[PDB]
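Visitor: Protein chains in written order, with PDB author numbering: chain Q3, 2 to 37, 47 to 437; chain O5, 2 to 37, 47 to 437; chain 7P, 120 to 216; chain 7Y, 8 to 52; chain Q2, 1 to 426; chain 6F, 309 to 400.
Questions regarding the structure given below will be posed in turn.
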Amino acid sequence: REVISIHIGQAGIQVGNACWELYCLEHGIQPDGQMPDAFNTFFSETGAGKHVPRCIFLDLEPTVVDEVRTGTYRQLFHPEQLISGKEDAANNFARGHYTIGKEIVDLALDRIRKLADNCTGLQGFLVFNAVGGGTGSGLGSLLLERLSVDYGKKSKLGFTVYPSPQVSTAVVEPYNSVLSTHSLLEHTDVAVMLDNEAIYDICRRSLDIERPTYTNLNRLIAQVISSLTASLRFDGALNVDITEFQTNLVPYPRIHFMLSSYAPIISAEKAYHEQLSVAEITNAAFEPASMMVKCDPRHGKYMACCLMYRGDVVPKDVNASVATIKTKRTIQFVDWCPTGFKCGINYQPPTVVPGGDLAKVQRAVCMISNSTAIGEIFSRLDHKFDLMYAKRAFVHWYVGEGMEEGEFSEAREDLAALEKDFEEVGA
Amino acid sequence: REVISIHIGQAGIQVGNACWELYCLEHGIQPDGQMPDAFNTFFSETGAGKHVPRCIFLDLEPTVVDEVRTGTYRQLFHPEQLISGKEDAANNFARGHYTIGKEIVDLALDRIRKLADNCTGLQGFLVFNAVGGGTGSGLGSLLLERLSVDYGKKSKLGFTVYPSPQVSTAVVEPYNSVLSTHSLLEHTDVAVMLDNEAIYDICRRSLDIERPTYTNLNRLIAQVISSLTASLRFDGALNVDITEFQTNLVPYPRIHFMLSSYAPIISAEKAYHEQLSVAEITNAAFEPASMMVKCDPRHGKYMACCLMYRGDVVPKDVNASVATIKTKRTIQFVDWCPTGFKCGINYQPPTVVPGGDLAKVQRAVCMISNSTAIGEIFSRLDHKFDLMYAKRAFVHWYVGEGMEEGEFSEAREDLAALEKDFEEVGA
Amino acid sequence: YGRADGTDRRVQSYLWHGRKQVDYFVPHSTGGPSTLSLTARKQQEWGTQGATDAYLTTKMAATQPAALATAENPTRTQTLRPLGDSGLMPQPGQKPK
Amino acid sequence: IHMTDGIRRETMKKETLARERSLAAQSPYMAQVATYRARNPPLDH
Amino acid sequence: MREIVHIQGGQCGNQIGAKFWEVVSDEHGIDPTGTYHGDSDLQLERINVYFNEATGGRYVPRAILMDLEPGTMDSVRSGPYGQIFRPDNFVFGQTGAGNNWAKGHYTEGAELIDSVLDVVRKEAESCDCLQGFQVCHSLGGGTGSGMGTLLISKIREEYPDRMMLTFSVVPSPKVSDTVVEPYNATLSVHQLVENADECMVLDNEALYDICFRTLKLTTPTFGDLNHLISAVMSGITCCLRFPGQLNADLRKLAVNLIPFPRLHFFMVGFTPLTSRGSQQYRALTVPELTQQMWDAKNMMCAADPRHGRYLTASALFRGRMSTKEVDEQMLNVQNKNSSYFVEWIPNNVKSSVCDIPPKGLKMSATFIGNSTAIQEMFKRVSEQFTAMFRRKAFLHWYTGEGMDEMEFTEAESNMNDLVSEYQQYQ
Amino acid sequence: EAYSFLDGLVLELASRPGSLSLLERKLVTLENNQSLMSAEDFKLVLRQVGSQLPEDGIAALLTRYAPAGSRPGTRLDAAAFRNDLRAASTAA
Ligand SMILES: Nc1nc2c(ncn2[C@@H]2O[C@H](COP(=O)(O)OP(=O)(O)OP(=O)(O)O)[C@@H](O)[C@H]2O)c(=O)[nH]1
Ligand SMILES: Nc1nc2c(ncn2[C@@H]2O[C@H](COP(=O)(O)OP(=O)(O)OP(=O)(O)O)[C@@H](O)[C@H]2O)c(=O)[nH]1
Ligand SMILES: Nc1nc2c(ncn2[C@@H]2O[C@H](COP(=O)(O)OP(=O)(O)O)[C@@H](O)[C@H]2O)c(=O)[nH]1
Ligand SMILES: [Mg+2]
Ligand SMILES: [Mg+2]
């Protein structure tokens, strides 16, 4: 059982630069690439005495990829895997979707199969991208399209980064996010949302780092990814693989958007004082103060839930805590889901990165639920998309790249149809 | 069986500062938080080799709180169990009840909920505050009110620091004291008064300390608190729980005000001097020279008494001593309570702190009684409230914070009603 | 409360009295790391402010100390299995390979 | 259910602790039993 | 002589089978290396019912372990008494169903069941006179429920006259792991009522209950639950393995507990169950076994019998016991609460005695009560299945595979008429 | 005295025999475009190969094999150090 991870965009490969740091530290791999079977789902045993990841970074600006080439992991990544174009898309869906992709995407999917061929029991692909950017949105959608044509039946997990409501780093990211999500609807199998204000609030509130950079963000995002692939890598009492998501978390094939959460996000000193038990971390993973997306599930109704447990946990107390939640009435499950939970238990405790801020913990929880607060997210983003589009601002950029207003209108109404869908199910 | 303790105001957390030093000494817990089941009611065990108290210090001025945070008890207290605002309430009930209380009380109420959940056999709450100030009175009464609407049935043992008649460290303390008690009536179930002039006279008379400070007061107050929770902590021949003050000492829903007393208050050399037995300490616990609140029980009539005994005490002699008291006609009881005594016996003798002025004693007694001289106290304070209120002195401060004249008038007449009630029950 | 002075005699001994009998032994200053921890911290901070390298990108400045620190004492956190309250031992449900 | 769960743990701890305390207490009590038994000599028929 | 071949499906089936074979090997004294080391010659005469002599006293179990994920397989090989199974009997897929009954029943069965049928047919035709098949599996997962269901169907169409047990665990709303529990449980039960000979219903909720109340353990891991279900399975097939004063084979139990060919869902209890602290302060009499066996909080199902009627019942005993006390205690419990037993059948209690106790014990017992309280459990599942299927939750994962709507309708229909007939005989 | 440290290092790597040929693989791969390695990189490589040498000893090796015109301990000449290490390897 093997899984390969592809990273699209400048945020993608920074997420990768944290995930693969965590994987190597988890399996005791030196940054040179070799140890001084459980790893087989990520690293291949090259040649002799050398483990090379199952990953492809790809980007259009050469700056950040070449920084990876000169970073600490110079030899830990195969030279051919880190693809890189000559000029970026520059915050432009059209420029990233019609001009430069037609050259780089053919080489990229020619190199992913040269990876899937080495694989034998491929569990699925999983993608990392920020839809706000240019190459993350456009080329990302172009790659996802040709992936669906080439493989189709294999699962394509997605961890995307939407623009935050009020904190934002761009202006045309509404246009980019919308024109990206029209393909993100019907091409990815499972899609997990990751906003940045939510992560900023977590690192400010819980970990009380007053000045966090993106590194700390990437660190705990890698904690989330590691915790939901740990069932493949290590062994537990009740394991769930990558196929279980598309079974137990998506009640209707067009509804795959899942809020994530993590607990306990605790610093070095608060570890000594809080007696970490399963009950209170199962509570802690449910407050809006500890979610990975700035939304409120109080406004929404949980359509399903998944609970990944790592460390010193027995099925007894996790079943006890999940009972208390099911009986509490502060949060409300949907009527059509009688058993809106799915638990998964793993024994390997989550490791720490020295220099990181989390402490050595005995047990952790990674919650992935499906709700209707996401239907609130898309509407709040649609509102400010039509705000700009009413004056046709920035449109000349895309039409200059060669596109038209047709996909503007059809992406707008496609989002409208999705809001109608979310309000329906949530009945 | 567990009990949690909250400390409000500048006086509250200086008292708990003594109280928690004593608890660490009694159960042999080092000030770094570990031992080198009787502690279970105060110190919870975290992980391996740690103990973290069930308490919250809170104050709006961070000065004395972070003095605790930089003391020796840094590792012992949970980092977030020391709540601290940003700016003082400044001897102002309205300022400490509406302006800053509204933002500090929600954080304290969530924290207390966490402590309760980490508790299992919760006996009740016990609070420590001074009503002369603003922080202790204002958001004290606010927190007491919100604790009543949250739990209600759980007993709230309130040890409040009332002002002395002539010795006083403030000016608007009558306005604050009346506004505090006005809600302390219907929210505290069992309220024990603690004055300051009375303890000054005690520390001058028996411990013959000629220039006492607050630390002496707090240390022997801590000795009293530990003496009345010793029955919950340790096994005794006849132990009483925190629920029986509620029953054996409160004859009416609005007569809950007690005079506390403690004996033997003896220094080091006078321990060698004096032959301590149960008859004389039972006698010594009744004259007003050993009461913790400046009033004369000779002017009043007793309603109900309770006596904790610690150490080498047999029920025989204590019965003989109380028999000699009831047949003594210097003090007189009310006609509606012929059996007005309550006894409780715990085995462990009270421990001493290094540097304290209390000597190692074989046996001790803590008396908590009810009388009507308290009705004399409230009148003595009420008269000096009217003297300022007639001229509308200092009122512009309170109405500027947001209150009006109605609260002054209604609190004045409510203490008038309580005056009439003590006069009626005294008949 | 912290008992800063070595010999814990009495609460009122530290207060200033009129009498030389006690005024001789009132302590003036409590010298120790228990006090100087804050200046230790902030002096470390002022030192790292004063001595800085200009050409240290953040991305790589974060990783290098980590890669060194784990290399110093390499321990691989082995799978801990919660001991069930019985003579039976867990024998987990899955095993990787 | 958290209360009902912690109740079990506290009861178990206090049960085994009582076993320890009573095992310790038994030997001096048996000693006093032996002492006052020595006083009474049985008769010879 | 009479042969019992074993079948395990899924992760639950593999781990239960692991503890079951650990206990049986303990009973017959065979070491974890595979050689006999016992003392009494009673253990040699009836190991052909479970094992096959290889050479020099190597007895390998007659079991077929079936699953879809190597995690179960490696966990089997790693534990003690793991090196005694033959690797040929580890028929084992590679993709994995993963909580999808359709994958477990239509897509993965097509390429797995041919290999399992090869192994099991070789294992059956190897011994002479099959008593019957044994199946332990789960109704929550896919490869346990789905593949196990397909294997049950193919077996009952191949070897029709032989007996067949099925120990199935049913997921409860209190202890609820997965989301598609009803979509799996209802379809499996819809097949078990026409194909399986008799079914004995376990439930993890009741097992956690019992390990809290009776055993008084603090951390009841799955090992203890597998230990309880193993004690049940051993107590069931004890009479074939050891001579008694009153023998009782599986077919004898079936004919004495199944009055109607569609009423074959039993409930199970086990006794004695006492905590190790309360292990000194107990007596060991047949009254002390019966008062705990007939207790409602001792059943291994989530069905309170005091909410229904005992249609029939049975009690198997182990240990050198007095038949007079056995029969008079059965009579007393039968005549005291005369309202909990059906009327049109007198003498509702089948009894049996075997003279070999389980190791470490003097006297034990096992109970199988064919009650009409089991339709409480089936309603408790069918109401959730209606809650979903009224509204096509998750339906696309089953429709896009080959399964269609009418399978769900007929599954609902057979669920409803089964609870209807159980309700009729109440 | 850095030569004594180099001799102690080759004697340390004489044991765990895979660890010698592993180190020359490190100096070639973790090299710069020019044959220069950072002080942090050199210390990391020694620790990763599992050789423990006193930090003062590491400084001595760096000073002996330092690149010309650099600060005293900032960098290290990987090619010179490796060609010098091969000699002690074949001599031991
Ligand atoms: N959460 C998170 N977001 C990031 C990170 N790095 C960049 N982003 C987000 O990426 C979004 C824009 O895409 P970028 O990655 O910056 O650039 P791009 O995707 O390559 O698109 P182009 O600039 O046109 O090439 C912004 O909204 C950033 O918030 C990161 O490390 N963590
Ligand atoms: N017995 C005793 N009383 C104290 C102590 N500290 C303060 N007090 C009393 O507290 C009263 C005034 O309230 P403070 O505690 O000073 O301040 P506060 O109640 O927190 O109100 P703010 O000043 O607004 O924060 C004074 O009359 C003191 O008598 C103490 O350590 N022991
Ligand atoms: N008694 C018992 N129940 C188990 C065990 N493992 C899993 N279960 C239960 O079985 C259900 C999941 O079944 P699963 O193992 O996934 O079936 P499979 O996927 O076909 O192998 C969960 O509700 C678990 O509670 C076990 O070892 N013993
Ligand atoms: Mg970019
Ligand atoms: Mg104050």
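The beta carbon of each residue, even a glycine, is placed where N, CA and C say it ideally should be.
Determine, using beta carbons only, whether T340 (chain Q3) comes closer than 8 Å to chain 7Y.
Guide: no
Visitor: Quick check: what's the CA-CA separation for residue 1 (chain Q3) versus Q11 (chain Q2)?
Guide: Given a span of 2 to 437 for chain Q3 in the structure shown, any question on residue 1 (chain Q3) remains unanswerable.
Visitor: Report yes if the C-beta of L217 (chain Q2) is less than 7 Å from at least one heavy atom of ligand 3; otherwise report no.
Guide: no
Visitor: Enumerate in chain order the residues of its own chain whose CB-to-CB distance from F343 (chain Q3) is below 6 Å, with the five nearest sequence positions on each side excluded.
Guide: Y312 and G350
Visitor: Compare the beta carbon distance of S327 (chain 6F) and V353 (chain 6F) with 8 Å and say whether it is the shorter of the two.
Guide: no
Visitor: Please compile the residues from chain 7P whose C-beta is within a distance smaller than 9 Å of the C-beta of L352 (chain 6F).
Guide: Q183, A186, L187 and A190
Visitor: Can you tell me whether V234 (chain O5) is helix, strand or coil according to DSSP?
Guide: helix
Visitor: Under the three-state reduction of DSSP, which class applies to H197 (chain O5): helix, strand or coil?
Guide: coil
Visitor: Could you list the residues in the region 68–89 of chain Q3 with a C-beta less than 7 Å from some C-beta on chain 7P, going in chain order?
Guide: Result list: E77, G81 and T82.
Visitor: Contact between the region 279–295 of chain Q2 and the region 381–395 of chain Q2 is defined here as three or more beta-carbon pairs at a separation below 8 Å; is this criterion met?
Guide: No: the two stretches stay apart, fewer than three of their Cβ pairs being nearer than 8 Å.
Visitor: Using a Cβ-Cβ cut-off of 8 Å (strictly less than) and excluding sequence neighbours within five positions of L194 (chain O5), which residues of its own chain qualify?
Guide: Only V141, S151, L154, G168, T170 and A201 meet the Cβ criterion.
Visitor: Are the region 252–259 of chain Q3 and the region 326–339 of chain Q3 touching, with three or more C-beta to C-beta distances below 8 Å?
Guide: no
Visitor: Cβ of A314 (chain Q3) within 8 Å of Cβ of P261 (chain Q3)?
Guide: yes
Visitor: Going along chain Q3 in order, which residues have a C-beta closer than 7 Å to the C-beta of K60 (chain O5)?
Guide: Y282
Visitor: If the cut is a Cβ gap below 9 Å, which residues of chain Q2 does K161 (chain 7P) touch?
Guide: By Cβ distance, chain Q2 contributes nothing, its closest Cβ being about 47 Å from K161 (chain 7P), past 9 Å.
Visitor: So, at 6 Å on beta carbons, what are the nonlocal neighbours of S25 (chain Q2) in its own chain, with the 5 sequence-adjacent residues on each side left out?
Guide: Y81
Visitor: By DSSP's criteria, residue 1 (chain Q3) is part of a beta bridge. Which residues make up the other side?
Guide: Residue 1 (chain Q3) lies beyond the stretch modelled for chain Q3, which goes from 2 to 437, so this question has no answer here.
Visitor: Considering only C-alpha positions, which residue in the set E220 (chain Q3), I7 (chain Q3), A289 (chain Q3) and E71 (chain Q3) is nearest to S277 (chain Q3)?
Guide: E220 (chain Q3)
Visitor: Is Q15 (chain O5) close to ligand 5? I mean its beta-carbon at under 7 Å from any heavy atom of the ligand.
Guide: It does not: the Cβ of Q15 (chain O5) is nowhere closer than 7 Å to a heavy atom of ligand 5.
Visitor: Runs of 4 residues minimum, wholly inside the region 167–206 of chain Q2: which ones carry the alpha helix (DSSP H) assignment?
Guide: Runs of the alpha helix (DSSP H) inside the region 167–206 of chain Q2: 181–195.
Visitor: When you compare each of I4 (chain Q2), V419 (chain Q2), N416 (chain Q2) and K174 (chain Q2) to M163 (chain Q2) by their alpha carbons, which one comes out closest?
Guide: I4 (chain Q2)
Visitor: Between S205 (chain 7P) and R2 (chain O5), what straight-line distance do the alpha-carbon atoms span, to the nearest angstrom?
Guide: 27 Å
Visitor: Under three-state DSSP, which class holds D76 (chain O5)?
Guide: helix
Visitor: Can you determine whether any heavy atom of ligand 2 sits closer than 7 Å to the C-beta of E71 (chain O5), and answer yes or no?
Guide: yes
Visitor: Threshold first: 3 residues or longer. Then list the beta strand (DSSP E) segments lying entirely within the region 127–163 of chain 7P, N to C.
Guide: Contiguous beta strand (DSSP E) elements confined to the region 127–163 of chain 7P do not occur, taking only those with 3 or more residues.
Visitor: List in chain order: all unbroken alpha helix (DSSP H) runs of 4+ residues lying wholly within the region 249–316 of chain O5.
Guide: Assignment of alpha helix (DSSP H) within the region 249–316 of chain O5, counting only whole runs of 4 or more residues, yields 253–258, 278–283 and 288–294 in chain order.
Visitor: Are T191 (chain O5) and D69 (chain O5) closer than 8 Å when you measure CB to CB?
Guide: no
Visitor: According to the Cβ coordinates, are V119 (chain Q2) and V91 (chain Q2) closer than 8 Å?
Guide: Going by C-beta atoms, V119 (chain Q2) is nearer than 8 Å to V91 (chain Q2).
Visitor: Between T170 (chain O5) and ligand 5, is the CB less than 7 Å from at least one heavy atom?
Guide: no
Visitor: Could you check where the alpha helix (DSSP H) with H227 (chain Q2) kicks off and where it finishes?
Guide: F222 to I236
Visitor: If you measure between the beta carbons of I9 (chain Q3) and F135 (chain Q3), is that distance less than 8 Å?
Guide: No, these two residues do not count as a Cβ contact at 8 Å.
Visitor: Using the beta carbon as the reference atom, which residues fall closer than 6 Å to any heavy atom of ligand 5, ordered along the chain?
Guide: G10 (chain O5), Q11 (chain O5), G143 (chain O5) and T145 (chain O5)
Visitor: Would you report the Cα separation of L139 (chain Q2) and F265 (chain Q2), rounded to the nearest angstrom?
Guide: So the alpha carbons of these two residues sit roughly 14 Å apart.
Visitor: I want to check one thing, is the minimum distance from the CB of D98 (chain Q3) to the heavy atoms of ligand 4 below 7 Å?
Guide: Taking non-hydrogen atoms of ligand 4 into account, the C-beta of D98 (chain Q3) is found less than 7 Å away from one of them.
Visitor: How big is the Cα-Cα spacing for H105 (chain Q2) and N184 (chain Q2)?
Guide: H105 (chain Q2) and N184 (chain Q2): Cα-Cα distance of roughly 11 Å.
Visitor: For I387 (chain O5), I'd like the list of residues in its chain whose CB is within less than 6 Å of its CB, leaving aside the five on either flank, ordered along the chain.
Guide: Apart from sequence neighbours up to five positions away, the residues of its chain that approach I387 (chain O5) with a beta-carbon distance below 6 Å are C305, ordered along the chain.
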